[PDB]
There are 2 protein chains.
Amino acid sequence: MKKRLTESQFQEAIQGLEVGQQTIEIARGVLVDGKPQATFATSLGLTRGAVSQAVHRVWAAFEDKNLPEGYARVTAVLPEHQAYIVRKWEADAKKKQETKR
Amino acid sequence: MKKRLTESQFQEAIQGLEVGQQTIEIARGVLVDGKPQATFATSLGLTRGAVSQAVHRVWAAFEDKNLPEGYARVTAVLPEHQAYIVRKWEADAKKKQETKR
């Protein structure tokens, strides 16, 4: 879980998002109140990836006006032949930041 | 030139679509009726990229089941330093599927 903040700043974040009310209402308790994401997924009956996306989308919007998550995921037009190596490169760039020896 | 979609095939696509009815209604007249997307953009006050996003959103669900696009996009975790070269690789794959000299 990340930090939480007030609805005033929450409004600033969701004003940069054209998303469904579901995403906004999750964030309203998750990163405004500071409620656990695991239980939030079970209560609403949403998927884990959907709940985590609501946290990420809204929080990153506020972060975009301050300092965002420094994680880069490159998406480009490339054939499936390139995807062979892309599978490996996904974990390999992670390994570049990781110090697991 | 693409194709139109009857309401039966439309229901097949939009059932696997997690989008607001606003985006669905775009494709309801754009794809179902096979109508120009630029006119609908001006009618709803939407951007051209937003309208075509709704076209592709519903169409991609049908594409995944039937026959997808010719342009593939790979997603890999990689830093922006690598993206310097990935930008040229993206243009190369686009030039692989488009015969230009």
# chains A, B, ... in the order shown; residues from 1 in each chain; ligands from 1
call {"tool": "interface_residues", "arguments": {"of": "chain A", "to": "chain B", "cutoff": "10 Å", "atoms": "only C-alpha atoms", "output": "list in words"}}
result
residues 19, 20, 21, 70, 71, 72, 73, 74, 75, 76, 77, 78, 79, 80, 82, 83, 84, 85, 86, 87, 88, 89, 90, 91, 92, 93, 94 and 96 of chain A
call {"tool": "write_last_selection", "arguments": {"atoms": "N, CA, C and O atoms", "output": "short mmCIF file (atom, residue, chain, number, x, y, z; two decimals), in the first residue's frame"}}
result
data_model
loop_
_atom_site.label_atom_id
_atom_site.label_comp_id
_atom_site.auth_asym_id
_atom_site.auth_seq_id
_atom_site.Cartn_x
_atom_site.Cartn_y
_atom_site.Cartn_z
N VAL A 19 -12.09 8.28 -16.13
CA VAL A 19 -12.26 6.89 -15.78
C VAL A 19 -13.62 6.66 -15.18
O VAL A 19 -14.34 7.60 -14.82
N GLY A 20 -13.96 5.39 -15.11
CA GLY A 20 -15.20 4.98 -14.51
C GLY A 20 -15.25 5.28 -13.03
O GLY A 20 -14.21 5.37 -12.37
N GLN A 21 -16.46 5.43 -12.53
CA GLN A 21 -16.70 5.73 -11.12
C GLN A 21 -16.15 4.64 -10.20
O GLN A 21 -15.80 4.92 -9.05
N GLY A 70 9.04 6.27 -10.63
CA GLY A 70 10.12 6.21 -11.60
C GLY A 70 10.27 4.83 -12.21
O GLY A 70 11.35 4.25 -12.18
N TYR A 71 9.18 4.31 -12.76
CA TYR A 71 9.20 3.02 -13.42
C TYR A 71 8.83 3.17 -14.88
O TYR A 71 7.80 3.75 -15.22
N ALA A 72 9.69 2.65 -15.75
CA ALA A 72 9.47 2.77 -17.18
C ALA A 72 9.13 1.43 -17.81
O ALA A 72 9.84 0.44 -17.64
N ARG A 73 8.01 1.40 -18.50
CA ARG A 73 7.60 0.24 -19.28
C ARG A 73 7.41 0.66 -20.72
O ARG A 73 6.46 1.38 -21.05
N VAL A 74 8.32 0.23 -21.59
CA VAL A 74 8.31 0.70 -22.96
C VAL A 74 7.35 -0.13 -23.82
O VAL A 74 7.40 -1.36 -23.84
N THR A 75 6.44 0.57 -24.48
CA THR A 75 5.48 -0.06 -25.37
C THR A 75 5.64 0.51 -26.78
O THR A 75 5.42 1.70 -27.01
N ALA A 76 6.03 -0.35 -27.70
CA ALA A 76 6.27 0.08 -29.07
C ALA A 76 5.75 -0.96 -30.05
O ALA A 76 5.45 -2.09 -29.67
N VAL A 77 5.65 -0.56 -31.31
CA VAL A 77 5.24 -1.47 -32.36
C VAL A 77 6.41 -2.36 -32.75
O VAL A 77 7.41 -1.89 -33.28
N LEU A 78 6.27 -3.64 -32.45
CA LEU A 78 7.29 -4.65 -32.74
C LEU A 78 6.58 -5.98 -32.99
O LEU A 78 5.55 -6.25 -32.37
N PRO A 79 7.10 -6.82 -33.90
CA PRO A 79 6.48 -8.12 -34.20
C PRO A 79 6.62 -9.12 -33.05
O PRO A 79 7.35 -8.89 -32.08
N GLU A 80 5.92 -10.25 -33.18
CA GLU A 80 5.93 -11.30 -32.16
C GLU A 80 7.30 -11.98 -32.08
O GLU A 80 7.63 -12.62 -31.08
N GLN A 82 10.06 -10.34 -32.00
CA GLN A 82 10.76 -9.53 -31.00
C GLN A 82 10.25 -9.85 -29.59
O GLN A 82 10.99 -9.70 -28.62
N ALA A 83 9.00 -10.30 -29.50
CA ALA A 83 8.37 -10.60 -28.21
C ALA A 83 9.05 -11.77 -27.50
O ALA A 83 8.96 -11.88 -26.27
N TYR A 84 9.72 -12.63 -28.27
CA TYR A 84 10.52 -13.72 -27.73
C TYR A 84 11.55 -13.19 -26.74
O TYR A 84 11.71 -13.71 -25.63
N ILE A 85 12.23 -12.12 -27.14
CA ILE A 85 13.28 -11.53 -26.33
C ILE A 85 12.69 -10.56 -25.31
O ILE A 85 13.26 -10.34 -24.25
N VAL A 86 11.52 -10.02 -25.64
CA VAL A 86 10.82 -9.08 -24.76
C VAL A 86 10.42 -9.77 -23.45
O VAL A 86 10.48 -9.16 -22.38
N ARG A 87 10.05 -11.05 -23.55
CA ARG A 87 9.72 -11.87 -22.38
C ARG A 87 10.88 -11.89 -21.39
O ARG A 87 10.68 -11.77 -20.17
N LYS A 88 12.08 -12.02 -21.92
CA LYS A 88 13.29 -12.09 -21.10
C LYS A 88 13.69 -10.70 -20.60
O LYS A 88 14.10 -10.55 -19.44
N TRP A 89 13.53 -9.69 -21.45
CA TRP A 89 13.96 -8.32 -21.15
C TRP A 89 13.13 -7.68 -20.05
O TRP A 89 13.62 -6.81 -19.33
N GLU A 90 11.88 -8.12 -19.92
CA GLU A 90 10.99 -7.66 -18.86
C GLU A 90 11.61 -7.89 -17.48
O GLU A 90 11.69 -6.98 -16.65
N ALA A 91 12.06 -9.12 -17.26
CA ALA A 91 12.68 -9.50 -15.99
C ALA A 91 14.14 -9.04 -15.91
O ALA A 91 14.69 -8.89 -14.82
N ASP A 92 14.75 -8.81 -17.07
CA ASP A 92 16.17 -8.47 -17.13
C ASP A 92 16.42 -7.02 -16.72
O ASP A 92 17.43 -6.72 -16.07
N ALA A 93 15.52 -6.12 -17.09
CA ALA A 93 15.62 -4.73 -16.68
C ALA A 93 15.31 -4.59 -15.20
O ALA A 93 15.85 -3.72 -14.51
N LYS A 94 14.44 -5.48 -14.70
CA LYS A 94 14.15 -5.56 -13.28
C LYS A 94 15.39 -6.01 -12.51
O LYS A 94 15.69 -5.49 -11.44
N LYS A 96 18.36 -5.49 -13.39
CA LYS A 96 19.33 -4.40 -13.45
C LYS A 96 19.16 -3.46 -12.24
O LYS A 96 20.12 -2.84 -11.79
#
call {"tool": "residues_around", "arguments": {"residues": "stretch 36-52 of chain A", "least_positions_apart": "3", "cutoff": "10 Å", "atoms": "only C-alpha atoms", "output": "MDAnalysis selection string"}}
result
chainID A and resid 1 22:23 26:27 29:31 33 55:57
call {"tool": "select_by_dssp", "arguments": {"residues": "chain A", "states": "alpha helix (DSSP H)", "output": "number ranges by chain"}}
result
A: 7-14, 21-30, 37-44, 48-63, 80-97
call {"tool": "calpha_fit_rmsd", "arguments": {"fixed": "chain A", "moving": "chain B"}}
result
1.2 Å
call {"tool": "atom_distance", "arguments": {"atom1": "atom CA of residue B:16", "atom2": "atom CA of residue A:53"}}
result
17.9 Å
call {"tool": "select_by_dssp", "arguments": {"residues": "chain A", "states": "strand (DSSP E or B)", "output": "VMD selection string"}}
result
chain A and resid 73 to 77
call {"tool": "write_last_selection", "arguments": {"atoms": "N, CA and C atoms", "output": "short mmCIF file (atom, residue, chain, number, x, y, z; two decimals), in the first residue's frame"}}
result
data_model
loop_
_atom_site.label_atom_id
_atom_site.label_comp_id
_atom_site.auth_asym_id
_atom_site.auth_seq_id
_atom_site.Cartn_x
_atom_site.Cartn_y
_atom_site.Cartn_z
N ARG A 73 8.01 1.40 -18.50
CA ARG A 73 7.60 0.24 -19.28
C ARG A 73 7.41 0.66 -20.72
N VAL A 74 8.32 0.23 -21.59
CA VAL A 74 8.31 0.70 -22.96
C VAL A 74 7.35 -0.13 -23.82
N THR A 75 6.44 0.57 -24.48
CA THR A 75 5.48 -0.06 -25.37
C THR A 75 5.64 0.51 -26.78
N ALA A 76 6.03 -0.35 -27.70
CA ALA A 76 6.27 0.08 -29.07
C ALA A 76 5.75 -0.96 -30.05
N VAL A 77 5.65 -0.56 -31.31
CA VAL A 77 5.24 -1.47 -32.36
C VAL A 77 6.41 -2.36 -32.75
#
call {"tool": "atom_distance", "arguments": {"atom1": "atom CA of residue A:13", "atom2": "atom CA of residue B:14"}}
result
28.5 Å
call {"tool": "decode", "arguments": {"residues": "stretch 15-41 of chain B", "atoms": "N, CA, C and O atoms", "output": "tab-separated table (two decimals), in the first residue's frame"}}
result
chain	number	residue	atom	x	y	z
B	15	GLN	N	-19.48	-7.35	-24.37
B	15	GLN	CA	-19.61	-8.15	-23.16
B	15	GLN	C	-18.25	-8.35	-22.49
B	15	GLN	O	-18.16	-8.52	-21.28
B	16	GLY	N	-17.20	-8.31	-23.30
B	16	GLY	CA	-15.85	-8.39	-22.79
B	16	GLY	C	-15.17	-7.04	-22.76
B	16	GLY	O	-13.95	-6.94	-22.74
B	17	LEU	N	-15.98	-5.98	-22.78
B	17	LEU	CA	-15.47	-4.63	-22.76
B	17	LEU	C	-15.75	-3.97	-21.42
B	17	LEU	O	-16.90	-3.83	-21.00
B	18	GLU	N	-14.69	-3.57	-20.74
B	18	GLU	CA	-14.82	-2.82	-19.50
B	18	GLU	C	-14.70	-1.33	-19.82
B	18	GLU	O	-13.64	-0.73	-19.69
B	19	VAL	N	-15.82	-0.76	-20.23
B	19	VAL	CA	-15.89	0.64	-20.61
B	19	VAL	C	-17.25	1.20	-20.29
B	19	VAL	O	-18.24	0.47	-20.20
B	20	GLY	N	-17.27	2.50	-20.10
B	20	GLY	CA	-18.52	3.20	-19.91
B	20	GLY	C	-19.38	3.16	-21.15
B	20	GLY	O	-18.88	2.99	-22.26
B	21	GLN	N	-20.67	3.31	-20.95
B	21	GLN	CA	-21.65	3.28	-22.04
B	21	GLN	C	-21.46	4.43	-23.02
B	21	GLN	O	-21.95	4.37	-24.14
B	22	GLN	N	-20.74	5.46	-22.59
B	22	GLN	CA	-20.40	6.58	-23.46
B	22	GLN	C	-19.53	6.11	-24.62
B	22	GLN	O	-19.79	6.43	-25.78
B	23	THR	N	-18.51	5.32	-24.30
B	23	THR	CA	-17.61	4.76	-25.29
B	23	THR	C	-18.31	3.69	-26.14
B	23	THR	O	-18.03	3.55	-27.33
B	24	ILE	N	-19.23	2.96	-25.51
B	24	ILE	CA	-19.98	1.91	-26.19
B	24	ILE	C	-20.95	2.51	-27.21
B	24	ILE	O	-21.11	1.99	-28.32
B	25	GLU	N	-21.57	3.63	-26.84
B	25	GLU	CA	-22.54	4.30	-27.70
B	25	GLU	C	-21.87	4.91	-28.93
B	25	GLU	O	-22.53	5.08	-29.96
B	26	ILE	N	-20.58	5.22	-28.83
B	26	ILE	CA	-19.83	5.71	-29.99
B	26	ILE	C	-19.80	4.64	-31.06
B	26	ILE	O	-20.17	4.88	-32.21
B	27	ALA	N	-19.42	3.44	-30.65
B	27	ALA	CA	-19.31	2.31	-31.55
B	27	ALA	C	-20.69	1.81	-31.99
B	27	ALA	O	-20.82	1.13	-33.01
B	28	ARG	N	-21.73	2.16	-31.23
B	28	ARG	CA	-23.10	1.76	-31.55
B	28	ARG	C	-23.58	2.44	-32.83
B	28	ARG	O	-24.43	1.90	-33.54
B	29	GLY	N	-23.06	3.62	-33.12
B	29	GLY	CA	-23.42	4.29	-34.35
B	29	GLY	C	-22.29	4.29	-35.36
B	29	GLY	O	-22.52	4.35	-36.56
B	30	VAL	N	-21.07	4.20	-34.86
B	30	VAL	CA	-19.89	4.24	-35.70
B	30	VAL	C	-19.63	2.88	-36.34
B	30	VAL	O	-19.38	2.79	-37.53
B	31	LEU	N	-19.72	1.83	-35.54
B	31	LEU	CA	-19.42	0.48	-36.02
B	31	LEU	C	-20.68	-0.24	-36.48
B	31	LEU	O	-20.69	-0.84	-37.55
B	32	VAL	N	-21.74	-0.16	-35.68
B	32	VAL	CA	-23.00	-0.84	-36.01
B	32	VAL	C	-23.63	-0.27	-37.28
B	32	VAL	O	-24.11	-1.02	-38.13
B	33	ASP	N	-23.59	1.04	-37.42
B	33	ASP	CA	-24.17	1.69	-38.59
B	33	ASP	C	-23.14	1.86	-39.69
B	33	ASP	O	-23.49	2.12	-40.84
B	34	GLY	N	-21.87	1.69	-39.33
B	34	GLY	CA	-20.79	1.85	-40.29
B	34	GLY	C	-20.66	3.28	-40.75
B	34	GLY	O	-20.57	3.56	-41.95
B	35	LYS	N	-20.64	4.19	-39.79
B	35	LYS	CA	-20.69	5.61	-40.09
B	35	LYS	C	-19.35	6.28	-39.83
B	35	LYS	O	-18.56	5.80	-39.02
B	36	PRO	N	-19.07	7.40	-40.55
B	36	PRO	CA	-17.85	8.20	-40.35
B	36	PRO	C	-17.66	8.64	-38.89
B	36	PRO	O	-18.58	9.16	-38.25
B	37	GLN	N	-16.45	8.44	-38.40
B	37	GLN	CA	-16.12	8.66	-37.00
B	37	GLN	C	-15.87	10.14	-36.70
B	37	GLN	O	-16.09	10.60	-35.58
B	38	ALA	N	-15.43	10.87	-37.72
B	38	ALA	CA	-15.10	12.29	-37.57
B	38	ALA	C	-16.34	13.12	-37.26
B	38	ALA	O	-16.28	14.06	-36.47
B	39	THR	N	-17.46	12.76	-37.88
B	39	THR	CA	-18.71	13.46	-37.66
B	39	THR	C	-19.22	13.25	-36.23
B	39	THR	O	-19.72	14.19	-35.61
B	40	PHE	N	-19.06	12.03	-35.73
B	40	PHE	CA	-19.51	11.68	-34.39
B	40	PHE	C	-18.68	12.40	-33.33
B	40	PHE	O	-19.19	12.77	-32.27
B	41	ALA	N	-17.40	12.60	-33.63
B	41	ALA	CA	-16.49	13.33	-32.75
B	41	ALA	C	-16.99	14.75	-32.50
B	41	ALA	O	-17.03	15.21	-31.36
